[PDB]
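Q: Below is a structure I'd like to ask you about.
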Amino acid sequence: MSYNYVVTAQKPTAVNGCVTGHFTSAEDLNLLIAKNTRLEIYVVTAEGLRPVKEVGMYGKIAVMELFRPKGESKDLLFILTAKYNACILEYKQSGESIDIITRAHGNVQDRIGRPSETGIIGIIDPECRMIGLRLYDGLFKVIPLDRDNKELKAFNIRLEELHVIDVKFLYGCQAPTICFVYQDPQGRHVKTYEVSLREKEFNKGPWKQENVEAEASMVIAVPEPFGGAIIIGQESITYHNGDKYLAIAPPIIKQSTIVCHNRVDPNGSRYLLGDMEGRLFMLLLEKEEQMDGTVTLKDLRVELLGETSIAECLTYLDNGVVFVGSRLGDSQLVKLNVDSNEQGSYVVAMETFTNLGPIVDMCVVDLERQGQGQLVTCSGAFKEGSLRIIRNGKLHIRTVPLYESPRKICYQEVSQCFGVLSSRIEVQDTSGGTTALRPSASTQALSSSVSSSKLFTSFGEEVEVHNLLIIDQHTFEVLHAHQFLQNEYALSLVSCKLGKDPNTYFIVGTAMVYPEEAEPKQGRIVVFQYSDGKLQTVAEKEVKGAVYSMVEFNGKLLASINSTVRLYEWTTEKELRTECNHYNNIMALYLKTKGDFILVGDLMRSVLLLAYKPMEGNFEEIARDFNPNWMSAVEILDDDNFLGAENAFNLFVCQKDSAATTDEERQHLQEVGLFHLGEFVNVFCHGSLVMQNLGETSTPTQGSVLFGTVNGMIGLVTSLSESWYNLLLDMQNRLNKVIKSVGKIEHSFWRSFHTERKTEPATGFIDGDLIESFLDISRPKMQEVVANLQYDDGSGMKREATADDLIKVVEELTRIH
Amino acid sequence: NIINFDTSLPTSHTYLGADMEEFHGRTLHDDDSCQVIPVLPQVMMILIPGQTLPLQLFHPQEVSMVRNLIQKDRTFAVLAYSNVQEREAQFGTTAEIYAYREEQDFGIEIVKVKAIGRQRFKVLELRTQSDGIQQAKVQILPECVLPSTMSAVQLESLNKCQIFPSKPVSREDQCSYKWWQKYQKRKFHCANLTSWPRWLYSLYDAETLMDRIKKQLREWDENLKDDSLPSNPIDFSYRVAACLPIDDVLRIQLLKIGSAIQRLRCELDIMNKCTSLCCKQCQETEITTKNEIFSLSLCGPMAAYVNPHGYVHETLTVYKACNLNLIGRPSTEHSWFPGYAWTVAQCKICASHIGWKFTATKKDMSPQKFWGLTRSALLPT
Ligand SMILES: Nc1cccc2c1C(=O)N([C@H]1CCC(=O)NC1=O)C2=O
Ligand SMILES: [Zn+2]
């Protein structure tokens, strides 16, 4: 009873894993980039990267490592999905219709058991004797690998310790060996087990447990001829081999801890190490020792190379080209030239792949002469936040870097300027001031200002200082940078006109945060007014609480202080005044309005509806919905249906039934539509990317809602007519018997509603990607796709339904993006 | 002060009996569905799960039901009655039997049984049986547990920096304010991807809320850190909800909530916004000193105690209580505590039967500094 249609406009570009191996052929070198729902296979050359395939799986990639079993010419691929849809893929060139066949498939989840808090870990024996996993605490799942094993049967093995940090197989051993570090009240230890397949149980490790630093996080297995594992902590990089033990404590890696790595040599003489701050370390192993043919370490020196994008997963390609795969910034392709050294940096940028995510907030604006629309986003984080402009005329994306994390955005038109909040990291020096770290867009504006109101530590700690920028829509240069007081945090920002006043006021809601107290006690609402390139504080109101989100009502201002939703009236004296209150049991986070309906949500799914009766002047409570889940963003599709996202990357649609004859059913919200989008949704906003011409009879779609995601893909969820939903449902349920997906993951699985406690089949949502994929299917298969569809409902049927009519139907739905 | 009294004997209710026939606990339920269960009448008290309850039954029908239940699954339903009497209940909590004893002696019915609640449920309609023990349809309400709030947007990179070292020592200054800053800054490091700050996610976490509740509780009374406060948020929330001096409507509202985090937030709000106490008929009372309330038991400031003449009675262990009158000599023939003598302490204006002063019996005790109140005539204001 929802009949919604979700489609993907811009395919996700975040990177969460990259590996290399001879996949396509024994002679080529590939860089498989695992983004999210999509997989891309590249080929490396002298000039750079040449794309080959864009294959999309029915799940989220979580584990991707290449292995080569005996008797194989080209490397196979092992992929594990978040929904535990394990599969083994093999590349194969068939003429020019390159396809990825599936060697094996099968679910590996257990009936009962909490998922591990650290996360899914995928490890493979270097001899390709088995495949390891850690899905549930205390259950190190093992999947035997054999030519006859086409079902992936898994037998659990009990782990003696519950909290396991990192487990990775060791090299150069006759029997398979693991080396993991666990957490205990007495401290952290590294202990090894000798897994035996015949006994299906653990054994005694080659070398006994050894105490390690209290911040051991990541483990690297050194290949032959060295052996052993390197345990990298926050302060030291150690090495364990039983009898042998080397450890160093360099001060260079003291600022930030190492979270990612990738080997660079067949013998592992050198290594790569990445950290969150965004610098590329360069570990070295000294192999000059040779007593009687064996090789052992002598030094663990750490040498810094330079600063690159914020690392998420590294890889060393040929000829000293390192793919610094980012996740919250922009991907790069740096070169490790040890002879340039322009100023002390060993890295120079070569390429830059666009990475939209993580989108934080959005706005749709017609920056051209009332033509198309333009999703001005707020991408990036930490030192790589930037403004992106996404047009529709393939999507063209131009970047405006700020070197500063942006929070929200809004577009005032009567001053042709953007308003974007920001938050840069400021280090606390031992002088009472605030010294910066890098030249950010807040400190390089044409002018500047510092807020000064009188209405109310350790050397090394970081303190966040907030700013409100004003950016022109043409040059995209910063014009002014207003800075709030100390320990003030900016949360809300709305550009709207109030009351009978003719000007457009920037309004920012802020909430003071102190380390001593848990939740904010006093906040502030400030009403700016941009004019002649000078920000002025026209009005200032103080609130005993936090300003979480704000909207406008046709000349009135609405704010949600703590757990209370408040309405503010703009008087003729330019001072905000309170009008009505509605004390809620929940803390109002999201405010989305349409007409007189107010959609008050929270972070615990407690969707609540409100209606403002004008004759009485006080809020009235209409609908209720309580269910424990983490709601990410909520949007009002129409006067009845409310859309939102919740835990496990799901989408849900709630409908209010005004036709109910009993008060008990009217005061409750049904759950009509549930969908597993596969992405985490951050913000919703109305608008469309395509020219909004009247189009005579228009299209079957009606309405338009865009959403942004952490991985950075743009989708377009719309509404559908009554018969079109049934026709599309029949077509989708007939498409599943023609197309062959990679891994054999069933479509209803990749779209079934998912939660740690309950799963139910998806209803009320039509997958736009599956329907849009029909135009790529070969013509002879189209005859099998449709045979009794009963095409027309309005004025005829045409039972045969032909094949060309469906092409017209799908194209009309494809024209919307 | 600890007044040198072991606070584990008042929990076991030694006065009830000695040679208890212990029943081993193995019992669960449908896990989100429905069942049917006998209901014991003549009881009016909301039973939070994890709270112990003793029972004393005299009429033949309920003792016959007790023996039948003993030779059956050990569970009976205690409906959480609302303000309106006459079967005006919607929510109830099942009770488990872990100890039984006849002690017939003279003999009418005479049963020495103690019970603890396990699960929550709701009643559709109250079916009535002419035997005397009414049985009801019951939908076992769910116990919803939520994952970590940062598990949705967690990076695949810094998955490993999520198991922190244990707390430094225990209950010390500069080892909590300094450590909690690092905890918040490191655990919720990926909060910048979403459109919300880190402290907002801190408001909806499990460990931080439990630490705040523990700090407030130790501000109230001298609690020995992990003095039978389970690390699990579910049992901790139930125990703290049971041991608070709040009205019945707020307690049933707490019982309504099915998620641990919502329950903890609501409970924190309630005990932050509740300071005063009243004497029902009287305008006010000195019991307003909510801060000066210690717990002379392992179950908390409140527990369930029985009287030798019938209905179960409620208690509140306060250090000092004014606006009261003392009547009767200190006697200990049937004492709720082993080494204490109880004195009937009446009120000063309304003269309600609320209050019980306990006097000194030994040297290393609390000399004439102890009281036990009653929620029937006590209401927060
Ligand atoms: N309403 C009555 C009536 C008679 C006797 C007692 C009570 C009563 O409440 N307690 C308490 C007093 C407090 C105590 O220590 N143990 C008890 O059983 C009695 O002995
Ligand atoms: Zn009184």
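Note that chain B carries Swiss-Prot numbering, so the residues on display, from first to last, are 45-425.
Determination method: electron microscopy, 3.9 Å.
Just so it is clear, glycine is given a Cβ too, placed from its N, Cα and C backbone atoms.
Under the heading domain 'Lon N-terminal', Swiss-Prot lists B:81-319, citing sequence analysis as support. The Zn(2+) binding site feature in Swiss-Prot is assigned to B:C323, B:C326, B:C391, B:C394. Annotated (S)-thalidomide binding site per Swiss-Prot: B:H378, B:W380, B:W386, in sequence order, evidence recorded as experimental evidence.
Could you place these features in context, so I can see how deep they sit and what lies close by?
A: Classification of B:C323 (Zn(2+) binding site) by DSSP places it within a strand. Long-range Cβ contacts of B:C323 (Zn(2+) binding site) within its own chain (separation 6+, distance under 8 Å): B:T329, B:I331, B:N367, B:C391, B:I393, B:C394, B:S396, B:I398, B:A421, B:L422.
All protein chains shown were included, and the count of other CB atoms within 10 Å of the CB of B:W380 ((S)-thalidomide binding site) stands at 22.
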Q: Would you mind pulling the DSSP three-state label for B:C394 (Zn(2+) binding site)?
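A: Coil, per DSSP.
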Q: Can you tell which of the binding-site residues B:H378, B:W380, B:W386 lies nearest to B:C326 (Zn(2+) binding site) in space, using Cα positions?
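A: Ranked by Cα distance from B:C326 (Zn(2+) binding site), first place goes to B:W386.
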Q: Once near-sequence residues are set aside, which residues in the chain of B:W386 ((S)-thalidomide binding site), 6 or more away, have Cβ atoms under 8 Å from its Cβ?
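A: Counting only residues 6 or more apart in sequence, the Cβ neighbours of B:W386 ((S)-thalidomide binding site) under 8 Å are B:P374, B:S375, B:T376, B:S379, B:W380, B:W400, B:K401, B:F402, B:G416.
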Q: Ranked by the number of other Cβ atoms within 10 Å of their own Cβ, which of the binding-site residues B:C326, B:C391, B:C394 ranks first?
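A: Of the binding-site residues B:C326, B:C391, B:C394, the highest Cβ count within 10 Å belongs to B:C391.
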Q: Ligand 2: which of the binding-site residues B:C323, B:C326, B:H378, B:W386, B:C394 have a Cβ closer than 6 angstroms to it?
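A: Only B:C323, B:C326, B:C394 qualify.
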Q: If you skip the near sequence neighbours and keep only those at least six away, which residues in the chain come within under 8 angstroms of B:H378 ((S)-thalidomide binding site), Cβ to Cβ?
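A: When sequence neighbours closer than 6 are ignored, B:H378 ((S)-thalidomide binding site) has B:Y59, B:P352 within Cβ distance under 8 Å.
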Q: Using a Cβ cut-off of under 6 Å to any atom of ligand 1, determine which of the binding-site residues B:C323, B:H378, B:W380, B:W386, B:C394 qualify.
A: B:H378, B:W380, B:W386
Q: Cβ within 8 Å of the Zn(2+) site centroid (B:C323, B:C326, B:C391, B:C394 excluded): which residues?
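A: Near the Zn(2+) site, the remaining chain residues are B:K324, B:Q325, B:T329, B:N367, B:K392, B:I393, B:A395, B:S396, B:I398, B:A421.
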Q: Inside 8 A of the center formed by the CB atoms of B:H378, B:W380, B:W386, which other residues of the chain have their CB, for the recorded (S)-thalidomide site?
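A: Output for this site, in sequence order: B:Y59, B:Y349, B:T376, B:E377, B:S379, B:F381, B:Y384, B:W400.
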